[PDB]
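This report refers to the structure that appears directly beneath it.
Cβ sites come from the backbone with ideal geometry, for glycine too, and all protein chains shown count toward neighbours. Laboratory data are not the source of any read-out in this text; all were calculated from the coordinates shown.
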Amino acid sequence: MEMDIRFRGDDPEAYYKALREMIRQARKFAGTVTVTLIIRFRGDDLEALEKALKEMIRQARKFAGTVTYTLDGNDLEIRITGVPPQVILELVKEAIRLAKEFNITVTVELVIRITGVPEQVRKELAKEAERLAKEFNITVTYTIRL
């Protein structure tokens, strides 16, 4: 009685707005939407990475959630939990922005943990996940439990 959705290496506005609408629909529908966000930064400019950490910590710590991280030399991992789903989309836009500003390499991943929803919702979101994967040519997967 649960559906997860996993997205990675996201594309420009057309995709973000579309995704947002799926995000929106899901929240409305009679269920619990638990979202988790992961980003990994890479680059030799360690000073840049340390600030990219600090901006995302401060912004995302203003939500009723928490933040964890690790630095495997020149690879910084960030795991954000507890954030409202309609904002999540915008924290994605901010972490891409930091990739450009500091001229560093960044990857992004969204985990949506939907609990107790209709099979009509599951099939539509599936079709929307099937659709977006193909139009934008990116990493898209999902899981359903019963």
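Please determine, in degrees from 0 to 90 and to the nearest 10, the orientation of helix 46-61 with respect to the longest principal axis defined by the Cα atoms of the chain, where the helix direction is its Cα long axis.
Here the helix axis deviates by roughly 40 degrees.
Identify, among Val117, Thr141, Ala129, the residue whose Cα sits farthest towards the positive end of the charge dipole of region 106-146, taking +1 on the Cβ of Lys and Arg and -1 on the Cβ of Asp and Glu, with the dipole about the Cα centre.
Farthest towards the positive pole: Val117.
Can you give the angle from 0 to 90° between the axis of helix 85-101 and the longest principal axis of the chain, with both taken from C-alpha atoms, to the nearest 10?
Tilt of helix 85-101: around 30 degrees.
For region 110-115, just list the computed ³J(HN,Hα) in residue order, Karplus coefficients 6.51, -1.76 and 1.60, θ = phi - 60°, integers in Hz, with x standing in for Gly and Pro.
Coupling constants for region 110-115: 10, 10, 10, 10, 7, 10 Hz.
I need the phi-derived Karplus couplings for region 136-146: 6.51 cos²θ - 1.76 cosθ + 1.60, θ = phi - 60°, integer Hz, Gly and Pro marked x.
9, 6, 10, 3, 9, 9, 8, 9, 10, 10, 8
Please give me the summed charge of the neighbours of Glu135: other residues whose Cβ is under 11 Å from its Cβ, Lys and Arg +1, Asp and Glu -1.
With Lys, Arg at +1 and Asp, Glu at -1, the neighbours total -1.
What number, rounded to the nearest 500 deg cm²/dmol, is the helix-based mean residue ellipticity at 222 nm of the chain, given -39500 (n - 2.57) per DSSP H run of at least four residues and division by all its residues?
Value at 222 nm, helices only: -15500 deg cm²/dmol.
Please report the net charge: other residues with Cβ closer than 12 Å to the Cβ of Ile104, K and R +1, D and E -1.
Every neighbour counted, the sum reads -1.
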